[PDB]
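There are 2 protein chains.
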Amino acid sequence: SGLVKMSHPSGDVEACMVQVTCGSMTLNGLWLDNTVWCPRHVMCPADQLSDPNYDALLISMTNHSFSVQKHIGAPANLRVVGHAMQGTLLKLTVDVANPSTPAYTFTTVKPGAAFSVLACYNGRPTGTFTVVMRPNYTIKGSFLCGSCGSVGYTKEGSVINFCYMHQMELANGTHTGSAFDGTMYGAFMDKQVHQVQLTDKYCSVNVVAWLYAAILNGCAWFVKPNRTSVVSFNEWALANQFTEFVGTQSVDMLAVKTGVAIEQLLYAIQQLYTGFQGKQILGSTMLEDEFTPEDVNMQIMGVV
Amino acid sequence: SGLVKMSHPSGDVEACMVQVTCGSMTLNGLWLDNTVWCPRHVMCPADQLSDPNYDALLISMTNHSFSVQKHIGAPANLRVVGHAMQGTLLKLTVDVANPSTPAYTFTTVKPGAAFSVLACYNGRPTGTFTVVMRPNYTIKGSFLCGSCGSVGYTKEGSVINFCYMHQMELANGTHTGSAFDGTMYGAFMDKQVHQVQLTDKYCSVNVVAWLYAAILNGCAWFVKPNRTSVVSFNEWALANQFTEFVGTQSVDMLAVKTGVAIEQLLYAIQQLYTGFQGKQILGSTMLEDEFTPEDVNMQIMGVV
Numbered sequence: 001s002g003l004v005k006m007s008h009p010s011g012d013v014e015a016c017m018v019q020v021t022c023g024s025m026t027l028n029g030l031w032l033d034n035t036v037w038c039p040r041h042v043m044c045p046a047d048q049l050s051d052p053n054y055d056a057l058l059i060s061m062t063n064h065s066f067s068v069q070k071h072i073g074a075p076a077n078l079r080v081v082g083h084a085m086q087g088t089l090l091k092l093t094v095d096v097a098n099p100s101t102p103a104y105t106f107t108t109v110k111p112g113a114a115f116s117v118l119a120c121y122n123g124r125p126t127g128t129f130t131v132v133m134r135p136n137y138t139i140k141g142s143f144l145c146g147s148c149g150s151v152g153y154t155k156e157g158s159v160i161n162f163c164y165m166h167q168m169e170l171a172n173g174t175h176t177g178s179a180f181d182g183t184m185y186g187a188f189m190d191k192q193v194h195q196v197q198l199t200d201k202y203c204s205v206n207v208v209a210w211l212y213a214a215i216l217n218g219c220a221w222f223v224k225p226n227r228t229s230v231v232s233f234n235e236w237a238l239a240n241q242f243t244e245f246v247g248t249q250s251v252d253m254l255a256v257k258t259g260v261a262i263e264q265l266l267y268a269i270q271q272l273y274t275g276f277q278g279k280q281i282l283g284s285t286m287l288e289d290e291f292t293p294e295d296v297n298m299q300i301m302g303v304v
Numbered sequence: 001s002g003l004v005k006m007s008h009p010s011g012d013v014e015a016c017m018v019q020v021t022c023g024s025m026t027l028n029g030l031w032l033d034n035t036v037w038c039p040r041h042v043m044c045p046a047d048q049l050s051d052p053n054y055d056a057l058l059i060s061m062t063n064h065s066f067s068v069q070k071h072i073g074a075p076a077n078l079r080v081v082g083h084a085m086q087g088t089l090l091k092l093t094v095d096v097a098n099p100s101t102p103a104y105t106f107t108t109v110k111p112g113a114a115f116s117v118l119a120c121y122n123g124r125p126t127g128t129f130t131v132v133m134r135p136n137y138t139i140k141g142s143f144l145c146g147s148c149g150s151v152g153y154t155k156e157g158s159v160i161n162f163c164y165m166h167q168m169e170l171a172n173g174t175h176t177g178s179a180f181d182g183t184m185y186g187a188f189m190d191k192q193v194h195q196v197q198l199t200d201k202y203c204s205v206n207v208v209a210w211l212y213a214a215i216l217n218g219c220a221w222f223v224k225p226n227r228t229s230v231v232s233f234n235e236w237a238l239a240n241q242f243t244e245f246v247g248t249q250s251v252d253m254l255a256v257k258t259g260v261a262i263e264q265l266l267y268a269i270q271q272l273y274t275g276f277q278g279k280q281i282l283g284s285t286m287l288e289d290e291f292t293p294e295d296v297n298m299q300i301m302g303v304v
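In structure tokens:
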């Protein structure tokens with residue numbers, strides 16, 4: 001038992017991390033097959049970061065403009081034999097295939113979904129943590145200068161699904177990055193200008209999962225017969241900084257196991273959101289929304 | 001910026017994980033040099049887990065009684081050529097040295113200290129997370145049947161300091177394990193009998209670090225001129241389920257950087273522990289105590 005912020009083991013992804021240098025900029029890249037992915041702002045002069053012209057920067061580059069170094073294991077320089085731009089990423093082609101390329105896919109995560117991040121500096125992994133894509137298309141991470149190109153991923157068995165490449169800090173503790181089609185989460189521009197974000201909201205389905213997690217761990221004082229329907233809750237949610245609730249089979253599995261209906265927990269939320277008035281739930285005194293139904297099923301019931 | 005639950009990259013330790021089987025029990029082991037460490041309850045018959053006689057079980061074993069399998073990378077069976085007991089661990093000697101043995105040490109962590117855990121099942125890493133050794137010598141982890149032998153570690157540069165091998169669940173979400181001298185944290189016995197724990201307490205020095213972290217991230221409403229001395233706070237702490245505060249250079253670095261005295265934050269705690277009365281600190285409405293001064297210095301100020 002117990003529910004904690006859990007990340008995937010990072011070794012498979014560590015073996016794919018490299019350093020990319022262009023001009024007066026160095027950051028991290030992802031080496032899969034003969035391709036190295038990295039943020040395109042590696043091209044920008046380090047003092048021209050407000051409104052860059054990336055199309056103009058690209059045409060001014062040649063293969064010689066890039067250097068790719070692997071540090072992990074034993075050092076190797078990876079010769080660049082092609083360069084292309086895809087949205088806010090560069091795709092560099094190198095003359096050697098990564099012999100440690102995992103089985104992988106690319107995916108785009110939606111608000112409420114969790115993924116692991118491997119934070120890297122100068123091509124060297126330094127830490128890993130798990131985040132949830134927020135309803136305003138940011139993540140609440142921990143990133144400093146040097147961290148761009150750090151990657152986020154989920155896994156399906158042994159298959160790694162790469163879903164995030166780190167690009168920027170929008171406000172204190174508030175971050176975003178690219179999917180591997182080169183689109184920025186939240187459509188934020190990769191330049192240093194003021195960019196407003198939507199307000200953050202509670203991820204209702206994750207709150208419901210965490211309440212089920214609390215029940216499964218001996219904590220159920222908040223459960224009453226009273227019910228709020230999904231449709232009624234969702235109208236309320238929009239008025240009160242909660243996401244609309246969408247049920248899944250993963251949530252249903254928790255309702256069956258506990259015998260507590262989703263609707264009982266929707267009512268509870270509506271009583272609990274102004275505060276627990278002295279009480280605690282799994283050691284917290286506010287609603288927790290970064291544990292997904294899949295996370296709860298995996299950690300507590302051992303189901304994947 | 002941003003402060004999150006951060007773990008070390010786990011790849012170096014993944015390469016040391018193996019499966020150990022004895023009798024009707026299988027669990028995880030740690031392979032360093034020619035040694036494989038694992039919990040000694042792998043010896044116990046799966047239906048004799050209340051009061052085992054480990055001395056008697058040991059003498060009934062031979063090298064043939066153990067099988068060690070590596071799954072990571074390409075499978076290998078590691079021939080056992082010696083067995084010994086050290087407290088609540090077995091030390092198995094195998095006929096091949098792990099070619100991926102990291103630079104390492106063994107250490108024993110103290111209450112308030114954080115470390116990374118690599119959770120493993122059947123010799124296969126499944127997740128990683130960070131915990132803090134609690135004041136009652138337990139950790140708040142996430143572990144199921146099959147997880148024993150999972151390891152915890154800190155790092156000093158490239159050196160891995162192994163400090164925890166998982167052994168048992170004491171209560172819901174409440175765990176303990178061995179240091180590598182074979183002593184159990186909290187002196188809990190490796191048998192299935194009722195074992196009382198001391199009450200948990202807030203780790204005051206980590207609360208202070210987190211408040212400094214809040215200041216560094218634009219959150220400082222709780223700072224006032226009022227001060228409480230360390231000696232006065234510590235008398236109070238013992239009456240109110242807080243640890244006694246012990247300053248360190250790591251904390252001093254935070255006080256200098258922010259210009260806020262430790263004593264101002266000790267006063268704040270004394271006002272905040274009954275609740276924040278509607279307010280929040282870095283998205284929390286209760287005191288957070290699992291971020292250490294070193295963690296805050298590393299994540300926010302980039303200092304190690």
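Chains as they are written, first to last, in PDB author numbering: chain A, 1 to 304; chain A', 1 to 304. A prime marks a further copy of an entry chain.
C-beta atoms are modelled at their ideal positions from N, C-alpha and C, and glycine is treated no differently.
Whether residue i touches residue j by CB criterion (8 Å)
| i | j | result |
| --- | --- | --- |
| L27 of chain A | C16 of chain A | no |
| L78 of chain A' | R40 of chain A' | no |
| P135 of chain A' | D200 of chain A' | yes |
| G152 of chain A | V117 of chain A | yes |
| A113 of chain A | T130 of chain A | no |
| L287 of chain A | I269 of chain A | yes |
| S7 of chain A' | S7 of chain A | yes |
| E169 of chain A | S1 of chain A' | yes |
| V68 of chain A | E290 of chain A | no |
| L92 of chain A | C38 of chain A | yes |
| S158 of chain A' | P9 of chain A | no |
| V260 of chain A | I300 of chain A | no |
| residue 309 of chain A | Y104 of chain A | Not covered by the structure: residue 309 of chain A. The range shown for chain A is 1 to 304. |
| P45 of chain A | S24 of chain A | yes |
| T285 of chain A' | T174 of chain A | no |
| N63 of chain A | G82 of chain A | yes |
| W221 of chain A' | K279 of chain A' | yes |
| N240 of chain A | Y267 of chain A | no |
Same chain only: Cβ atoms within 7 Å of residue i, ignoring 5 sequence neighbours per side
| i | result |
| --- | --- |
| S229 of chain A | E263 |
| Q249 of chain A | none |
Cut-off 6 Å between Cβ atoms - residues of its own chain near residue i, not counting five sequence neighbours on either side
| i | result |
| --- | --- |
| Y137 of chain A | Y185, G186 |
| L254 of chain A | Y212 |
| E244 of chain A | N234, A237 |
| residue 323 of chain A | No statement about residue 323 of chain A is possible, as the shown extent of chain A runs from 1 to 304 and does not include it. |
| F276 of chain A | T285 |
Own chain partners of residue i with C-beta closer than 8 Å, once the 5 adjacent residues on each side are dropped
| i | result |
| --- | --- |
| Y164 of chain A | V109, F115, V117, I139, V151, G152, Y153, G177, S178, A179, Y185 |
| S50 of chain A | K191, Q192, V193 |
| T274 of chain A | none |
Member of the options whose CA lies at the smallest distance from the CA of residue i
| i | options | result |
| --- | --- | --- |
| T21 of chain A | A:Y121, A:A103, A:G87, A:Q48 | A:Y121 |
| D12 of chain A | A:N98, A:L57, A:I59 | A:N98 |
| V304 of chain A' | A':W236, A':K279, A':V251 | A':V251 |
| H166 of chain A' | A':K279, A':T88, A':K257, A':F106 | A':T88 |
| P102 of chain A' | A:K5, A:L198, A:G73, A:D295 | A:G73 |
| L265 of chain A | A:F106, A:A84, A:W210, A:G278 | A:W210 |
| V80 of chain A' | A':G29, A':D47, A':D55 | A':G29 |
| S65 of chain A' | A':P75, A':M43, A':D55 | A':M43 |
| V36 of chain A | A:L57, A:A56, A:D55, A:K70 | A:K70 |
| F106 of chain A | A:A56, A:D55, A:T183, A:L58 | A:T183 |
| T292 of chain A | A:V223, A:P111, A:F276 | A:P111 |
| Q271 of chain A | A:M189, A:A76, A:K224 | A:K224 |
| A119 of chain A | A:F276, A:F188, A:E294, A:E14 | A:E14 |
| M85 of chain A' | A':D47, A':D295, A':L57, A':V231 | A':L57 |
Supposed contact pair residue j and residue i - C-beta distance, whole angstroms, cut 8 Å
| i | j | result |
| --- | --- | --- |
| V205 of chain A' | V246 of chain A' | 6 Å |
| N172 of chain A' | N297 of chain A | Actually they do not touch by this definition, with Cβ atoms about 17 Å apart. |
| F242 of chain A | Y202 of chain A | 5 Å |
| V18 of chain A' | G123 of chain A' | 5 Å |
| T128 of chain A | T128 of chain A' | 7 Å |
| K5 of chain A | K5 of chain A' | 4 Å |
| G149 of chain A' | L144 of chain A | Contact doesn't hold; Cβ gap of about 35 Å is too wide. |
Exercise for review: Can you give me, in chain order, the residues of the region 47-75 of chain A that have a beta carbon less than 9 Å from any beta carbon in chain A'?
Suggested key: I72
**Study point:** the region 170-194 of chain A': positions lying closer than 8 Å to chain A by Cβ
**Key:** Per Cβ criterion, the list reads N172, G173, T174, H175.
Check your understanding: Mind listing which residues of the region 13-28 of chain A have their C-beta closer than 9 Å to chain A''s C-betas, in chain order?
Key -> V13, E14, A15
Exercise for review: Taking only beta carbons into account, state which residues of the region 136-154 of chain A come closer than 7 Å to chain A', listed in chain order.
Suggested key: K140, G141, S142, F143, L144
Check your understanding: Looking at chain A, which residues of the region 245-267 of chain A' have a Cβ within less than 8 Å of any of its Cβ atoms?
Key -> Shown here is that no member of the region 245-267 of chain A' has a Cβ falling below 8 Å from a Cβ of chain A.
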